[PDB]
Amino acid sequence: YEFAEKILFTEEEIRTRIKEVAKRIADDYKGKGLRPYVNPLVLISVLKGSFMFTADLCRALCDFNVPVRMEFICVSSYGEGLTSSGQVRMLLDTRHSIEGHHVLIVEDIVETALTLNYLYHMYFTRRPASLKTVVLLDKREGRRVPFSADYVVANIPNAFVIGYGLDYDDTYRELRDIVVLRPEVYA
């Protein structure tokens, strides 16, 4: 890992935290009557970064018998400096309607929260039975709009992280661990 200046979390540490978060989520919905087909917990995976976190999380939720429905969404920037609001173009939205369902947006990392805040509100306006967010990493001090994730795997400082779905110029997403991109590489 010559391109990394430090290891944040190993695959093992990540695996354990997700399991804890999943047990937590499971307990939290224990009284919502989740059932496959008719009342599953809808996971809205925001591409591309959360693809790895989502794969491991849904399996951990499966361990606690929480029936889920996987949705993947693809968003795009409108252009540079065209929005304050965090508005994004929807290239791929949910396949089914979330109206009346329990929904959980899955993200890899939240910092400014501009896009996640915009997405939260958009889905909120579609009337799901409930709406919450689970983010793997949270750069709490990087906010540009106020926003709180309901479930978070780890809070971290303002370092550029890569690995476990997280990229730098679309490189390193495949690492099993989360590491800090060393400055000399970004330079």
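Note that residue numbering begins at 1 and tracks the sequence as displayed.
For the pair 113 to 121 and 99 to 107, the record assigns the higher mean C-alpha temperature factor to 99 to 107.
Between the stretches 29 to 37 and 154 to 162, it is 29 to 37 that shows the larger average CA temperature factor. Ranked within its chain, residue 57 lands in the lowest third, by CA B factor from the PDB record. Ranked within its chain, residue 169 lands in the highest third, by CA B factor from the PDB record. For residue 146, the recorded CA temperature factor ranks within the middle third of the chain's modelled residues. Annotation for residue 12: C-alpha temperature factor in the middle third relative to the rest of the modelled chain, per the entry.
Per the PDB record, residue ranking by Cα B-factor puts residue 73 in the lowest third of the chain.
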